[PDB]
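Engineer:
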Amino acid sequence: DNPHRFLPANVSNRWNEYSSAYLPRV
Amino acid sequence: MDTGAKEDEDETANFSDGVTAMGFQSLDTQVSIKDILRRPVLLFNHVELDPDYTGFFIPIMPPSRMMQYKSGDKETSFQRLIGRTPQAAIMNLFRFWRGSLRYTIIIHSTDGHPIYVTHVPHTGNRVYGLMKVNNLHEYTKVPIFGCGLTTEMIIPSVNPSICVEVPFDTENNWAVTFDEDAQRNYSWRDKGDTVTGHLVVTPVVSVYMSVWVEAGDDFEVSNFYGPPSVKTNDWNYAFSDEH
Amino acid sequence: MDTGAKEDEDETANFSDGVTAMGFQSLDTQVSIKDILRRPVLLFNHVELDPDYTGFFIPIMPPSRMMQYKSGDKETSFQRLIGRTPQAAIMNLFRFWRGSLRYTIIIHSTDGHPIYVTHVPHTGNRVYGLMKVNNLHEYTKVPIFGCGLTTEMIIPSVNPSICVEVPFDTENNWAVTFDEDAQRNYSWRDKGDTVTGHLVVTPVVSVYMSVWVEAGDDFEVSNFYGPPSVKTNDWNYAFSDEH
Amino acid sequence: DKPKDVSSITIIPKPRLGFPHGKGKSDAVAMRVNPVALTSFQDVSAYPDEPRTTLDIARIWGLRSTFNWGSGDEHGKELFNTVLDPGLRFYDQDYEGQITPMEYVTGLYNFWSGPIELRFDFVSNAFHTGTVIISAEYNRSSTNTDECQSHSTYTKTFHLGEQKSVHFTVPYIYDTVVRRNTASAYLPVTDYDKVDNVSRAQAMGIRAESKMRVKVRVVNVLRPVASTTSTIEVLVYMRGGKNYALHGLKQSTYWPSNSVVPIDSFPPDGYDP
Amino acid sequence: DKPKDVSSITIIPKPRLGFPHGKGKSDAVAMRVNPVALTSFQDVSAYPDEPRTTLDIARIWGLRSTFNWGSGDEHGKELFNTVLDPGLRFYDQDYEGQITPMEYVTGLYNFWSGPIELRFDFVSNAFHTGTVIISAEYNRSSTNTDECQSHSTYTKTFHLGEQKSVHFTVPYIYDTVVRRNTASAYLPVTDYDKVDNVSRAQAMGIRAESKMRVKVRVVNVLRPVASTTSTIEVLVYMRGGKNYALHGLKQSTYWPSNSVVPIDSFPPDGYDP
Amino acid sequence: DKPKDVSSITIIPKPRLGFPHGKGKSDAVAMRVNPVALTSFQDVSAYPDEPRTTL
Amino acid sequence: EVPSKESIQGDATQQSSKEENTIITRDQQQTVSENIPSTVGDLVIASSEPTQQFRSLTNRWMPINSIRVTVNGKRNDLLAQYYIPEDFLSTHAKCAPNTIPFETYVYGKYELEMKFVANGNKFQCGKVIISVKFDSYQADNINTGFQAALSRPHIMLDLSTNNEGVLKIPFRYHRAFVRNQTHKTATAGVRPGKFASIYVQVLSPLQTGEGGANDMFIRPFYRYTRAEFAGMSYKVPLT
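Chains as they are written, first to last, in the UniProt record's numbering: chain D, 304 to 329; chain G, 757 to 999; chain Y, 757 to 999; chain A, 429 to 701; chain V, 429 to 701; chain H, 429 to 483; chain W, 104 to 342.
#1: Mapping the DSSP letters down to three states, classify G:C919 as helix, strand or coil.
#2: Chain D partners of W:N179, CB-CB under 7 angstroms?
#3: Measure from the alpha carbon of V:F548 to the alpha carbon of each residue in V:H587, V:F555, V:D513 and V:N572, then state which is nearest.
#4: Tell me, please, which residues DSSP counts as bridged to Y:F975.
#5: Would you mind sorting V:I437 into buried or exposed? The rule is 16 or more other CB atoms within 10 Å of its CB.
#6: Pull up the distance between the alpha-carbon of W:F157 and that of A:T585, whole angstroms please.
#7: Less than 7 angstroms between C-beta atoms, sequence neighbours within five positions excluded: which residues of the same chain meet that for A:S685?
#8: Please state whether DSSP places Y:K790 in a helix, a strand or coil.
#9: In the stretch 187 to 200 of chain W, which residues sit with their C-beta less than 9 angstroms from some C-beta in chain D, listed in chain order?
#10: Please state if the CB of V:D522 and the CB of G:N890 are separated by a distance shorter than 8 angstroms.
#11: Give me the chain Y residues within the contact set of V:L466, using Cβ-Cβ distance strictly less than 8 angstroms, ordered along the chain.
#12: Please state the DSSP three-state secondary structure of G:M757.
#13: Who are W:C228's beta bridge partners in DSSP?
#14: If you follow the alpha helix (DSSP H) that W:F191 is part of, which residue opens it and which one closes it?
#15: Which class does residue 1000 of chain G belong to by DSSP, given the choice of helix, strand or coil?
#16: Classify Y:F780 as buried or exposed, calling it buried when 16 or more other Cβ atoms lie within 10 Å of its own Cβ.
#17: Scan the stretch 978 to 989 of chain G for residues whose Cβ lies nearer than 9 angstroms to a Cβ of chain W and list them as they occur along the chain.
#18: Would you mind telling me which residues of chain A sit closer than 9 angstroms to V:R460, beta carbon to beta carbon, in chain order?
#19: Which residues, in order along the stretch 793 to 805 of chain Y, keep a beta-carbon less than 9 angstroms from a beta-carbon of chain G?
#20: Could you give the first and the last residue of the continuous beta strand (DSSP E) run that contains W:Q133?
#21: Given a cut-off of 8 angstroms, decide if Y:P796 and Y:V969 are closer than it, judged by their beta-carbon atoms.
#22: Pick helix, strand or coil for V:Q577, following the three-state DSSP scheme.
#23: Just the Cα atoms here: how many angstroms apart are V:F596 and W:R322?
#24: Looking only at C-alpha atoms, which of W:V281, W:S254, W:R329 and W:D261 sits nearest to G:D758?
#25: Give me the DSSP bridge partner(s) of H:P441.
#26: Taking 8 angstroms as the CB-CB limit, is V:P684 close to chain H?
#27: With DSSP as the reference, identify every bridge partner of W:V303, one or two as the case may be.
#28: Beta strand (DSSP E) containing A:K643: first to last residue?
#29: Would you mind stating whether Y:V960 and Y:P818 have Cβ atoms separated by less than 8 angstroms?
#30: State buried or exposed for Y:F975, treating a residue as buried only when at least 16 other CB atoms are found within 10 Å of its CB.
#31: Excluding the five sequence neighbours on either side, which residues of its own chain have a C-beta within less than 6 angstroms of the C-beta of Y:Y895, listed in chain order?
#32: Following the continuous beta strand (DSSP E) through A:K453, name the residue where it begins and the one where it ends.
#33: On the DSSP letters alone, give me the boundaries of the beta strand (DSSP E) that Y:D946 sits inside.
#34: Among residues of its own chain, excluding the 5 on either side of Y:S833, which ones have a beta-carbon nearer than 7 angstroms to its beta-carbon?
#35: Mind checking whether V:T482 and V:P514 have CB atoms under 8 angstroms apart?
#36: How many Å lie between G:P912 and V:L445 at the Cα?
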């Protein structure tokens, strides 16, 4: 499917965005 | 915005500031942000209107990185160089905007058929292009332009072009300019806050149109974000002054 | 109208009334009844004019429940969503109206043939669409536009659209907006009091037209009836904000 | 003499003048002898008590709902519970009936704001006695069995006795200055088409359903005399506040459901028997 | 009476009014009830500290480059050396990163002029000591090993110690009142097309590459204490001067390179899972 | 209110304005941000000893 | 502002900030961001009932989690980030009395002040930048560099001098109010508890001498300068 739709669980919070805990996003 | 003169603690002597070149060549100043946003941007270049559909939807939002083409991705009806316009680059710095936008629509025809442009206020969706509203197969008996909403007609035999100004009919204080990912499926009410409504073009018979967009006179931007990470390869497609 | 504050006998303390949102978003107020009635409604969407007939009759009356489509009934030339327009909903609350109406007629052509729009005052009948007056088979030698009545011409090569304002040429103080049953055969003079005349469009050769209607500047409504029994199923054709 | 005219100006030709607008300028041609003559409103005119705006119509009291209150109803029990949204009465079922004036006119607009007024008329006598609590609940809603959750919000306790009516202004407390309508801006479905997910996916917008609720709970159980009825009906009226606002004209959410017949040609279409 | 109207004038018909211009006159039709009504900015409006012009954005300090300065760096050695052109960062390679505000906005214009301001922040402590010389070199450039050539131009010697920052205005000294941009006015290549000489021959213009250079050389070798680091980083900020000017709007030289996704129809395009 | 506009005038449409003439009126559209902005001759201008006419 | 000669307690020329029942001193100078306005006028329209302040609770200094800066950290790396108010309610300092009004009220407008205190030794060196991004929901992963931080309202911390930094954060949101708490009965259509993001980023890496410390610590403190609450409800646990 389209991979942009939903963020992977390990990097994201419940609201489908990058978690504040996940510093490595940058 | 932070100018950063705060951090500049050094107060040693410096060279002259000189005299500005502004006004020397001409009085046509082009530095004003509002003046840059008020000159038009090509969205759709010769796109088809089909009377089998409700009409061609145009989401009410200014040009930005949201409409930027990337080599490899799926082919859209949008103009590819929207993201590289001055005003798109400016709108990438401001995530808030309030006020009216102006849409210049040109119908490629000289016929006496009326083409209607209907304004839809903020309903919470975000669509573009030809769409069958509620997936019906007949819209001549139930046209969007004759439902009650504000509408204006183009008569190409008289004038194939028009300029229409759409209001800020929304619940929110500001409209959101852009997101990090435009195709991400997040909280549905927040998803639709990047537009303030739609502009729907409905023909009689099959015909092509072109669409430009600009900011209105009553228009403001705010929430300065600063410059993003960017790339260029302009150098490669030009000779230097030394052959 | 009865506000009903009469019946409100309670005079205990209440929460704050706050401040109005009117003027906050924009100064474009859309609450005025007259302003709502003065913006146009699509009656006929691409209907044929035939020169074998006298002309296409348009009965002079505002949009209302009289022109409402019901699923199952016989197919008419009328727009199906007339009954669901704001101004039709407003006119369903007022059974009296006085003053002029304005009709925007667009001929789907660019030819040099003149299309005539003739005003007929209140004669006591109520018809719409193509009709042979006195069931003849020839009307080029005896046109309605050259009988003596007030007439205006459209020349599509110059302008395919026109806006014409029809007067309140009737015997009655008020025109009746609607009836309970529009097809009921009752007292014939009362039957015709729902219109103030007709507007008749006559072509040279076969051609299509579209018709809009709105209230004039000189226009009033009265005899407030309150809201009727209604139905809706809008919920069913939309997703919620929680998927 | 026949001197040349050197005066000129650039023009932008448009087919209609002020076509979208309800006011301003018009290029309308009068079908009259005198082109500037108008209808006289010297004798016959609009009566002063008639509504001039849609907000005037919204200020009319209209019977929204009804509920029963009996001596069997234990304390804390929800007598009344509804989402107070003037856009739609229900989100999960069809409506058919006599909608209130303020709901009818709000159905014509895409946006609404300002406080909403309620009035609770208790169809009782002097021998009926009891107490209820009216509560306006925002964002978060209360459990049916948890009266304390309702008590923590904006409340008005009414002691039923000689007075058999109570007024209640519902405050406007939201994150936005206006709220968009839960009904559709445009719906081309006219023949009760069987809906699917593709139809919903290609809708005009997304329904932002309201979580604001108004509830009525028992404080003191109804204790009428044996000689009178043990249960009474309570009429719930509704109207817009004094600072109620509406904006963004759209397709009407409601439409007549009773005695709807389309017009025919009179007398050509078989009127002569 | 119906007297004839003898008044007339010659006209030149145009399709649009003020289409090219950012200000002046417009023939725009308002999609409103009132044709002269506008958006209210009584409560919600642009904040006073927000930039109003592109020159205001150019006055924001932005981190251009960085370089290291160590105790091993002998006297006269180039710590920093660049062509200071706000049009392009490189002439001979691709750029990818976070471009400064003044470079970003200058990329939107075909012409620039006026002095450019630099600020050198030495990421050090009180125990670091040394001297460098900043030099603005015009027309003719210096050899890497010939410090004397750099010293003969417009220079500022900075004694690093307690103060760990120095400002430097780069004078505008050129044969023209403005300089044309080294980037292209229009580039239709979107899919990283493999370039040839025929493509370059049919370009929009010719790149007038700047020979103006700013350099930083060692005057006194860095001599920190043994207890601290022997090498330090130097941050080089850049912005437009107070009389920085821009003119001739063009295609933006820079464009977003991170998290670029084109819009789709919501919710028709497979949002309903 | 939305009153009718009864004002009108007869016009003769021409494609160009002042096409043959060296002076007078022009319908020229400026390719600028400001439509009434012009070139500055404050510093750089025609020298006084240069010829102004063919005579 | 000016140092003095050494005495029994060193150079006793410290400054301090007292807010409610909390004091924070500083040994060296401080950097402060510009006092910039919030949206005003919509408050009276958005809420029919009057809004409330609890200055004694909200306007006091409250420390949050410690930040460790190492020599391994490169330029542009996120040391920490905070979605506010969410993270100050249900992640950091959860037992703070600053959070008490958020239990009962559903809406609010919030202007904050964030003080940062660093403690690196005189033989270290480095630069850290803290910036704010207004209305950052679904735009955290773009315009999120050191360059974007230098453009937006920010403060700069030198890791050797230990200068303090004070970031003044107004309320700049696309709605009139921000929602305080999610709930099972409440809608999931609106993201609550986030009107802004705070980023703490490396501007220049931490460096140290021979046999020196390979890390040092920074401590953020927060307070509300103007916290107006609206829409009273039954009290709930925070997230």
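We put the beta carbon where it would ideally sit given N, CA and C, even for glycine.
Structural biologist: Per the coordinate set shown:
#1: strand
#2: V329
#3: V:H587
#4: Y:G855
#5: exposed
#6: 27 angstroms
#7: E524
#8: helix
#9: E189, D190 and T194
#10: no
#11: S782, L783 and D784
#12: coil
#13: W:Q310
#14: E189 to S193
#15: Any property of residue 1000 of chain G remains undetermined from this structure, which presents chain G solely from 757 to 999.
#16: buried
#17: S978, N979, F980, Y981, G982, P983, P984 and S985
#18: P448, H449 and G450
#19: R795, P796, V797, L798, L799, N801 and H802
#20: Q133 to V135
#21: yes
#22: helix
#23: 34 angstroms
#24: W:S254
#25: V:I439
#26: no
#27: W:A183 and W:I233
#28: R641 to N648
#29: no
#30: buried
#31: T810
#32: Where A:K453 is concerned, there is no enclosing beta strand (DSSP E), given that its DSSP letter is neither H nor E.
#33: It is not in any beta strand (DSSP E) - Y:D946 instead sits in the alpha helix (DSSP H) that spans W944 to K947.
#34: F800, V803 and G885
#35: no
#36: 17 angstroms
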